[PDB]
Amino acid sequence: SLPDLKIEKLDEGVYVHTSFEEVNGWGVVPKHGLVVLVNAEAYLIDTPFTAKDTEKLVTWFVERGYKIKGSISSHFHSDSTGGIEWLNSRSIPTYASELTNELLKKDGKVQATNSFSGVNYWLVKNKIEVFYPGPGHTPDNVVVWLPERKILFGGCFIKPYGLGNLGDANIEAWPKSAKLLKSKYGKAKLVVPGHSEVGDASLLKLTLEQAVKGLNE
């Protein structure tokens, strides 16, 4: 019996959703995503692990007068993509990078309906920016920038306390990717990691340090 899905307002037009998975390796793991409001429309930044929690998340927003316009998954792991099957089945548009969709296809997983490539991709012009810093936590990890609030969703790329599971990681590339990310979004007010507490721009520096330290060893 996992903890309940949580939805908490972070800032004007921005909510953090927290869902939980059981893992023999630590135990129960929280995963943070966002919901971003754009004029009575809602965008999912990462899905919960499960169809059920994705449905609970959509319904919470639909019952408050928001149309779910889309989801974007920051990387191929189930903690960002677990909801894509359900969203596709409800004809809610799903987004992931060409790299993410290729990794989903390789692993026998259902793909996002819409894909993008390049360093920069606007999901919503001037409101929701996707940035590819390069390989790190996974080959495909992207971040999501909300320029109006200076909020960065770093997702599972942001690892200020330790790099965690290296199974899909590029330890050689991560320091370069993290250097690029810190340069691009050094002015971030809020950085939202995948698996630890919301913080300021310092999580970018801490991530860089862990990536450097991880490569050295």
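We number the residues from 1 along the sequence you see.
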| item | value |
| --- | --- |
| Residue range whose averaged C-alpha B-factor is higher in the record, 176-184 or 24-32 | 24-32 |
| Of 36-44 and 150-158, the stretch whose C-alpha atoms average the higher B-factor in the entry | 36-44 |
| Per the PDB entry, maximal CA B factor within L163, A51, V62, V192 | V62 |
| Residue of maximum C-alpha B factor among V142, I92, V124, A112, per deposited coordinates | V124 |
| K9 - Cα temperature factor, lowest/middle/highest third of chain | highest |
| Third of chain Cα B-factors occupied by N120 | highest |
| For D107, the third of its chain into which the C-alpha B factor falls | highest |
